[PDB]
Amino acid sequence: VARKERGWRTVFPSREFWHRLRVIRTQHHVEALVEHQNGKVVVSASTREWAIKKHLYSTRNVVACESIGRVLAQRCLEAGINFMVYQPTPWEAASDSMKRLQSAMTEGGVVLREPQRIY
Amino acid sequence: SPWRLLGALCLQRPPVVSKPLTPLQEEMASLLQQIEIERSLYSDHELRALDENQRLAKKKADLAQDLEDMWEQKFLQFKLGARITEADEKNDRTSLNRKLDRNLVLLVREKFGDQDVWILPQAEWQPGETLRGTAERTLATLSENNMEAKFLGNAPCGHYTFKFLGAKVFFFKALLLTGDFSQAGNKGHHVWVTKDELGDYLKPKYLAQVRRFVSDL
Amino acid sequence: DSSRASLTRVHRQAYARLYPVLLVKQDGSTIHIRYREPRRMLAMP
Amino acid sequence: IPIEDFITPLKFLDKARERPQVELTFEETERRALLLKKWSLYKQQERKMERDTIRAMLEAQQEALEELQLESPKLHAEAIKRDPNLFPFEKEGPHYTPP
Amino acid sequence: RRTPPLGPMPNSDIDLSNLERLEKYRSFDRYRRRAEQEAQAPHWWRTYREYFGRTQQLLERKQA
Amino acid sequence: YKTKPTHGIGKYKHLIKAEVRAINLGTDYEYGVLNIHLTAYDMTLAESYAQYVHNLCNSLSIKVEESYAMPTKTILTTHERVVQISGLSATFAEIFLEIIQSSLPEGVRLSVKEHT
RNA sequence: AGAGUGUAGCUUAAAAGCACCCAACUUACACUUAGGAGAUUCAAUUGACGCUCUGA
């Protein structure tokens with residue numbers, strides 16, 4: 001029922017969501033965020049974290065993104081969050097590690113598409 | 001202050017022979033030849049080898065080996081010029097063919113009175129002389145030959161100033177195009193050095209620091 | 001460092017085989033080159 | 001005249017049937033992977049070496065021009081002057097067998 | 001009637017005479033990174049944010 | 001707006017340069033445009049060495065105007081690659097040329113010829 | 001002998017981020033994608049290990 005910021009049509013990304021999944025792939029680390037429109041990071045999962053980093057071979061590969069997708073999805077089911085928006089750039093859309101990340105999220109339990117606002 | 005005005009030069013030989021490969025470069029080169037073959041597209045040499053013996057099997061059922069054999073024996077005809085005139089000599093330090101795959105540097109004994117120093121070859125300049133022309137005069141003076149070198153610019157390369165009367169020492173860098181180095185068994189003490197003997201022949205701080213502008217590769 | 005620009009491969013894809021045929025122009029100077037029909041040595045008269 | 005030679009020859013179309021077979025094993029691609037990994041190691045160490053040489057020699061020549069400037073204020077003006085002998089500058093690549 | 005800016009203007013310190021000597025954004029992603037960093041900084045104009053807003057561990061971890 | 005202190009906060013055309021002899025005047029000296037021809041009997045060593053030159057030049061902050069190639073010749077075939085360069089220093093002429101000298105693979109020659 | 005000292009290239013980063021390299025698309029570059037390598041000199045804020053500058 002709550003408002004989404006409907007506007008922002010000339011600017012990337014759109015602010016029309018309640019929760020956004022924002023992947024930050026650095027040189028060394030894959031990072032995954034779940035945010036509000038406020039910018040309040042609700043649920044994160046980075047490989048800069050000893051609980052997940054030590055079970056990985058390399059913190060940047062497709063295995064790192066499937067791992068951070070399983071871990072992020074399990075962390076978000078227990079936060080009462082079931083609907084994100086993931087809006088990628090058209091090269092990051094067609095990357096293998098984000099297709100593997102999205103398949104990890106959808107198989108985890110999270111639908112990557114928000115329901116409409118009830119007016 | 002009376003400055004003892006000193007110019008010099010650091011002479012270079014470009015290697016005519018290429019360096020040998022790393023064994024890791026051997027495995028990578030072999031791998032690139034394999035995967036290079038794997039993506040090629042029907043060379044006529046095998047079209048004149050593969051289907052031709054199929055058609056000869058069809059004719060016998062009812063020459064590429066000579067080309068390869070002639071190429072093999074003609075490969076056995078011309079012996080290669082050996083890349084190592086380096087270990088057989090082992091003491092021809094004055095000769096220009098001491099090494100072939102590395103750079104070679106001219107390096108001359110000088111006997112002074114207060115000193116007695118093995119020195120990268122110098123000259124004495126005049127304020128009327130150009131520093132590049134100081135090094136050009138340095139070329140055909142000390143060796144007494146008919147070489148052909150080549151400079152690059154009036155930019156210097158390495159400066160070292162020692163006193164005991166002020167002084168300064170300027171190090172340029174030349175490059176041998178060719179050489180008509182006549183009578184290589186000179187009375188002078190020029191020695192060609194790869195890199196390692198420069199830390200052997202040259203001890204002090206004005207001479208153990210030449211290799212930081214010697215093109216080491 | 002005379003081996004950096006040597007570890008190559010044909011960067012095209014519509015290319016046939018090439019073979020490491022040693023070439024001499026006139027001077028007894030052998031260079032490894034790739035040419036059609038696997039020759040071993042060359043000399044230009 | 002804009003005539004180049006990147007145009008592909010027409011014969012490379014029809015008989016493309018000599019090698020459709022590309023099969024390998026596990027350990028062949030493992031050793032191929034170790035060659036790419038350790039070869040990027042080797043090449044990275046190489047450009048660390050060359051970057052060290054450009055840094056060392058470039059600071060060497062800048063320190064040299066500073067000392068030549070402060071010990072001769074009429075020679076660093078001509079040390080910057082360029083040579084007209086570097087228009088037709090050439091060097092052929094190295095060989096194997098000396099003549 | 002120009003009035004002078006209150007704080008420092010953006011795009012001031014990078015504004016040089018030789019832009020072709022300045023290395024550029026080769027991508028879209030780097031501009032998105034720097035651009036989000038400039039979004040999060042406190043500014044002096046009116047912005048959207050005003051209105052809508054030990055050693056053994058590294059030892060065993062490195063060996064681990 | 002023209003009277004507000006944030007006037008011209010959104011302007012950008014001074015930040016894009018949306019648009020030959022040598023410059024050797026009195027102290028700051030630099031070559032004009034150049035040409036570096038690479039001739040070889042190999043497409044591979046000439047193309048790949050032109051790559052190594054071009055990535056050196058981008059790794060040493062040099063304007064590289066073009067990197068085109070010249071047509072071949074019926075002879076064996078001789079291949080050429082032209083990698084243009086504009087603007088060097090006194091030290092950087094020497095230090096820049098010594099690496100191109102000291103990195104040639106096999107029999108491929110150079111040229112520091114200029115334009116026209 | 002003294003002085004300045006000190007995280008991988010750079011950091012008023014605290015084991016990070018940019019830098020960097022190979023492979024692929026590109027003539028090539030660039031983008032992008034797949035990978036790779038990385039470090040807080042050694043002991044108790046302090047001394048001693050390595051570098052730079054000034055000395056003989």
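As a convention, Cβ positions derive from the backbone with ideal geometry for all residues, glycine included, and neighbour counts pool all protein chains shown. Each reported figure results from applying straightforward, stated rules to the coordinates on display, with no laboratory input.
Of F:88, F:102, F:74, which is farthest on the positive side of the dipole of chain F, counting Cα position, with +1 on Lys and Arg Cβ, -1 on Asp and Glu Cβ, and the Cα centre as origin?
Result: F:88.
Per the Debye formula with a single identical scatterer at each Cα and no solvent contribution, what log10 I(q)/I(0) holds for chain D at q = 0.19 Å⁻¹?
-1.10
Summing +1 for each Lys or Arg and -1 for each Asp or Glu, what net charge is found among the other residues whose Cβ lies under 12 Å from the Cβ of residue B:71? Walk me through the intermediate numbers first.
Working: positive: B:74, C:39, C:40; negative: B:66, B:68, B:69, B:72, C:37.
Here the count lands on -2.
With n ≥ 4 as the cut-off for DSSP H runs, can you work out [θ] at 222 nm for the protein assembly as shown, using -39500 (n - 2.57) per run divided by the number of residues, rounded to the nearest 500? Spell out each step's value before the answer.
On the way: 17 runs with 203 residues, N = 660.
Taken over the protein assembly as shown, the calculation gives -9500 deg cm²/dmol.
Mind listing the Cα extents of region D:31-78 along all three principal axes, in Å, largest one first?
Principal extents (Cα only, largest first): 61, 14, 5 Å.
Taking amide H positions as placed in the peptide plane 1.01 Å from N, state which residues far from residue F:69 in sequence (5 or more) or on other chains have amide H under 5 Å from it.
F:82
Show me the three semi-axes of the equivalent ellipsoid for chain A, from the C-alpha gyration tensor (sqrt of 5 times each eigenvalue), largest first, rounded to whole Å. Mind dumping the intermediate values first?
Working: eigenvalues 125, 49, 31 Å².
They are 25, 16, 12 Å, listed from largest to smallest.
Kirkwood Rh and Cα-based Rg: tell me the resulting Rg over Rh for chain B, rounded to two decimals.
Result for chain B is an Rg/Rh of 1.23.
Toward the positive end of the charge dipole of the protein assembly as shown, about the Cα centre and with charges on Cβ (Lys, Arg +1; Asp, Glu -1), which of A:57, F:36, B:117 goes farthest?
A:57
Which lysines, on any chain, are close to residue B:99 with Cα under 16 Å apart, when same-chain ones fewer than 8 places away are left out?
Correct list for residue B:99: B:19, B:90, B:195.
For region F:37-116 and region B:111-181, write down the distance between their C-alpha centroids in whole Å.
First find each Cα centre; the distance between them is then 31 Å.
Over the Cα atoms of region B:22-97, what Rg and Dmax result, in angstrom?
Rg and Dmax of region B:22-97, Cα atoms, are 21.5, 72 Å.
Expressed as a whole percent, how much of the Cα-Cα distance distribution for the protein assembly as shown exceeds 37 Å?
Working: 125786 of 217470 pairs.
In whole percent, the long-distance tail amounts to 58.
Let me spell out the model: positive unit charges on the Cβ of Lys and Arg, negative unit charges on the Cβ of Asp and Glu, origin at the Cα centre of chain A. What dipole size does that give, in debye rounded to 20? Mind showing how you got there, number by number?
Values: 19 positive and 11 negative charges, 51 e Å.
The calculated dipole for chain A is roughly 240 debye.
Treating cross-link reach as a plain straight distance, find the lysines whose alpha-carbon is under 19 Å from the alpha-carbon of residue B:163, omitting any fewer than eight places away in the same chain.
B:111, B:203, B:205
Between residue A:12 and residue A:117, what is the label-to-label distance in nm when each label sits 7 Å out along the Cα-to-Cβ direction?
Roughly 2.4 nm, to one decimal.
Under unit Cβ charges (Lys, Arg +1; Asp, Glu -1), what dipole magnitude, rounded to 20 debye, does chain D have relative to its Cα centre?
On the way: 17 positive and 20 negative charges, 102 e Å.
I would put it at about 500 debye.
Counting other Cβ atoms within 10 Å of each Cβ, which trypsin sites (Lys or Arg not before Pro) in region B:182-217 have at most 16 and sit in a DSSP loop? Before the final figure, lay out each step's value.
Details: sites: B:187, B:195, B:205, B:211, B:212; in loops: B:187, B:195, B:205, B:211, B:212.
In loop regions of region B:182-217 (DSSP not H, G, I, E or B), the sparsely surrounded trypsin sites (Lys or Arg not before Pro) are B:187, B:195, B:205, B:212.
What trypsin sites (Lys or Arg not before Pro) in region A:36-119 are in a loop by DSSP, with at most 12 other Cβ atoms within 10 Å of the Cβ? Mind showing how you got there, number by number?
Working: sites: A:40, A:48, A:53, A:54, A:60, A:70, A:75, A:99, A:100, A:113, A:117; in loops: A:40, A:48, A:54, A:60, A:113, A:117.
Hits after loop and neighbour filter: A:40, A:54, A:113, A:117.
Given N residues in chain F, what is its alpha carbon radius of gyration divided by 2.2 N^0.38 Å? Don't jump to the answer; show the numbers that get you there.
Details: Rg = 19.7 Å, N = 116, 2.2 N^0.38 = 13.4 Å.
Scaled against compact globular proteins, the figure is 1.47.
In units of 2.2 N^0.38 Å, what is the alpha-carbon radius of gyration of chain C? Don't jump to the answer; show the numbers that get you there.
On the way: Rg = 12.4 Å, N = 45, 2.2 N^0.38 = 9.3 Å.
Taking the Cα Rg and dividing by 2.2 N^0.38 Å, one obtains 1.32.
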